[PDB]
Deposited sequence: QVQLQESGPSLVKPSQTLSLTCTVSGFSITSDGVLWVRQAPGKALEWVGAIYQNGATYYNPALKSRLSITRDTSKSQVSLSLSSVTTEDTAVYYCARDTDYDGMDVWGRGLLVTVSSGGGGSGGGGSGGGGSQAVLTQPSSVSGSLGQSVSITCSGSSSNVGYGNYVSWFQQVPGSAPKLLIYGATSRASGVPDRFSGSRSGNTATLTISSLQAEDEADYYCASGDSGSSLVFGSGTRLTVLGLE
């Protein structure tokens, strides 16, 4: 069974290095990529960096001056170091797998760590009755959502690892009910839920590759369902 688990200090002093480890089981670090994502309290998901099958690394430009990601293939381990931390780096840090054909499908449950340019627009809130169709659009640019078929959607019940819904703009992730659909009209991508159910009440995030070989998340959408 495919498992990822983040570990390390839950407390870090300002100006110290935040060091986390990802332990992987049920797959080889040399077959699938490993991603780091983080989420500050009451904030959107933010891509941190990635390490691929050849150990090739990619960082978030805003964190690059302070990031090191490394791998130990023999122990199935990926390491994050973030230096010069302030309280702005307090967040839940997520581990996730990035596959050839299945997208960013498996996530660790996240570790809360306390320290003591282009963007994707989403409406803050959407709502709907049981059985109703609902649509959520994320807007980007020619560089990200328009740049080709590289768009993901995620569902997050807050206090939980996000869950892949849609990858490559239109493909439904394995085990995802087929009331979820993705479409894409040039610079805009749209997730449709044809028949809203009670456990669809969650936050939804658009994510897109940029030209700059980075990944960008949207601002997030709170979906309410009206009993």
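Asks: What are the C-alpha gaps when you align the coordinates back onto the deposited sequence?
Replies: Several regions go unmodelled: 117-132, 244-245.
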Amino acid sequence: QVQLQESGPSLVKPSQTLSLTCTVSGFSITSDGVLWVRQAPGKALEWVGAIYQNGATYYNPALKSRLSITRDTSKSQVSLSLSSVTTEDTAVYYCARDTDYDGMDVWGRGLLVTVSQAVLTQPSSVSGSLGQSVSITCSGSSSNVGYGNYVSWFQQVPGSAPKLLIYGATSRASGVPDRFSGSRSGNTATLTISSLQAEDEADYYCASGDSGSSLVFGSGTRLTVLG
From here on, numbers count along this sequence of modelled residues.
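Asks: Taking the mean of the C-alpha B-factors per stretch from the entry, tell me the winner out of 86-94 and 137-145.
Replies: Stretch with the higher mean C-alpha B-factor: 137-145.
Asks: Taking the recorded C-alpha temperature factors, which stretch has the higher mean, 171-179 or 25-33?
Replies: Comparing 171-179 with 25-33, the higher mean C-alpha B-factor belongs to 25-33.
Asks: Would you mind finding, among 78, 104, 119, 151, the residue with the largest C-alpha temperature factor in the entry?
Replies: Within the set 78, 104, 119, 151, 119 shows the top C-alpha B-factor.
Asks: Name the residue from 43, 66, 38, 163 with the greatest C-alpha temperature factor listed in the entry.
Replies: Largest recorded C-alpha B-factor: 43.
Asks: Can you tell me whether residue 192 has a C-alpha B-factor in the lowest, middle or highest third compared with the other modelled residues of the same chain?
Replies: CA B-factor rank for residue 192: middle third.
Asks: Hey, what third does residue 198 fall into on Cα B-factor, ranked over its chain?
Replies: Within its chain, residue 198 is a highest-third residue by C-alpha B-factor, going by the deposited values.
Asks: Place residue 70 in the lowest, middle or highest third of its chain's C-alpha B-factors, as listed in the PDB entry.
Replies: As the PDB entry reports it, the C-alpha B-factor of residue 70 lands in the middle third of its chain.
Asks: Split into thirds by Cα B-factor across the chain's modelled residues, where does residue 156 land: lowest, middle or highest?
Replies: Bottom third by C-alpha B-factor.
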